[PDB]
Every structure is written in structure tokens, then in C-alpha cells.
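As C-alpha cells, the next two blocks hold two forms of the same chain, structure 1 and structure 2.
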Structure 1
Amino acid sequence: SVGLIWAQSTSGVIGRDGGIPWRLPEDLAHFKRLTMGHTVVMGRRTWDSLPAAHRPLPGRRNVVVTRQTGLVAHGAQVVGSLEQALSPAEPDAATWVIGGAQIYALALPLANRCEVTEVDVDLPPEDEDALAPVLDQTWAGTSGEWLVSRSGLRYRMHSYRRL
């Protein structure tokens, strides 16, 4: 099973300036809970965005997708395409595609689940922003309640599965 997991503003932004333009501790915890013990597949720019104590993401098999065959990525497995990332020599019952926008677009046709955090934060998109994928009629989902973070933002989790 191949799942995507992301957090987006209601406006659809996932990334800006090499990071994530809000602070949502409940989402970091959600991400860690869902992914721990599993494979996490990411694009090279997302690998480069990980803060020091999270590069590699502890307790998970980190797979980095790049066209730079010689790339050094200590703590991760480097592969040359998304298809390679999803064709491991050692299978995993759960593989999560963890971003970014480029890789989500390639992975969406191959996935059967999306776990989405929606963040009610006013962020008019800017020209270099990374944006969330859009789920069409081949997906259906369920939504948790709107919650308020201890740090102030309204957020909610959605779970989608391929019809």
C-alpha cells in the first residue's frame, strides 16, 4: 500500500522558502505517529529541507528521489526515480510518500491513500510556493473535526482512499 501524507493551508500551500510556513506541533506528531517504523519516500528538495535532528527521519527507512546519481545522503537510500523508490528490494507493508510537490504529483496515480492535514492559516500563495496535489473524483474521504492547536491554528485531518 502506497500512501501520500501532507499538510496544506486551506489555500493549498505546502512549502515556502525551503520549509513549511506555519508551526503546527499536532501535525508533526500526527506525521511521526503515522510514519514511524515504515518507509518514507521523498524528493531531494524535501530531504534538504529536513532540520538537522530529523535528517534522516529517525526510526523510518528514508528513501530520497533524485536525478543526481552521485548524491551523498547519509542515513537515506538514494534512488533515481519514484518507480525505483516504490520497488524496494526489501518490501514494506506501508510506504508513505512524504513530499514535496514534485514527488506528490508523480505518486498520486500510484497511491491508494492520502492522509491530509488542513491548516486554517491565511497564506496567499507566493510565486515560488510548493502547492498540494488536488484530489479528483477517483478519491473519496472522511474528515475529522476542526481542532485548535495549542499554538493557536485551526486544523483538521482528512483521510482519503481511492474509490
Structure 2
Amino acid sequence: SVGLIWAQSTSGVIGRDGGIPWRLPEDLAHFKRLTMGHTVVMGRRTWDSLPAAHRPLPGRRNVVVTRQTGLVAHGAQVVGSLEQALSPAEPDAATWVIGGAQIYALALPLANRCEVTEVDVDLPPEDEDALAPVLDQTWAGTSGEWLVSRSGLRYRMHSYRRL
């Protein structure tokens, strides 16, 4: 099982200026609950984007997809392709692809699940933004209710499975 997991604004922005252009603690807790104890696969730019306290993501096997020989920042297992990231895999569990946009594009043809957090923040896309992948007719989804963050932002979760 290969799952994509991401958070996006309603406009579809996932990344800006090498980070995430909102703060939503409830999404971080959701992300930890779904990924804890599993392999997480990410692109190298996302790896370098992690604050030092969160790199590597604790309690998870951190796999970084890169064309380089290796990385200056410690804690990852490097691979040269998504296929190398995905095999071998954890039994009875999902391998989670955790971004960014380039790695989501590579993984989308292979995924069987997407777990999306939608954040109701008004962020008109800017020229260099990373955007969420668009799901085609092979996906069926369900959506949770709108929730209110302690910070006041509305947010909700959507879950998609491959038909």
C-alpha cells in the first residue's frame, strides 16, 4: 500500500518559499498519527525544509529521494528513485509519500490512497508556489466535516481510495 498525505489551502497551495505558508497544529497531530511507526518517503527539498528539531521525523523511517550521492543533513536513507524507496515495504501497513510536489507527481500513478487536509486560508497562488496534485477519475473520496483550529482557521480532512 502506497499512500500520499498532504495539507493544502483551498486554492491548492502546498508550499511557498521552501516551507508551508500557514500553521495548523491540528494538521501536524493528524500527520503524526497517520505516519508514526511507518516509512515516510519525501523529496530532497522537503527533507532540507524540515526544521532541525523535526529532521529526521522521529519514530518514522525517513527515506529521501534525490539524484545526489548523499546529503549533508543527517538522518535519512537516500534512494535514487521512487521505486527504490518503495521496495521492500512494511507488511500490513502503508508506505507514506509525504511530499513535495515533485515526489507527489512521481508517486501518484502508484498510490492507492490519498489523505488530504484542506486548510481554509486565503492564499492566492504565487508564481513559485508548489501546488497540490490533481486527482483524476480513478479516485473515490469521502470528506469530514469542517473543524475549527485553536488558531481560528477552519480545516477538514478528505480521504481518497483508488477505485
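Along the sequence of structure 1, residues get numbers from 1 upward. Each form is matched to the other, and the largest set of C-alpha atoms that superpose within 1.5 Å is called the rigid core.
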### Message
With a threshold of 2 Å on the C-alpha, tell me if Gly80 counts as moved between structure 1 and structure 2 once the core is superposed.
### Response
no
### Shift in Å of the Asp92 Cα between structure 1 and structure 2 [rigid core superposition]
7.3
#### Entry: C-alpha positional change at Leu71 between structure 1 and structure 2 - rigid core reference, Å
2.8
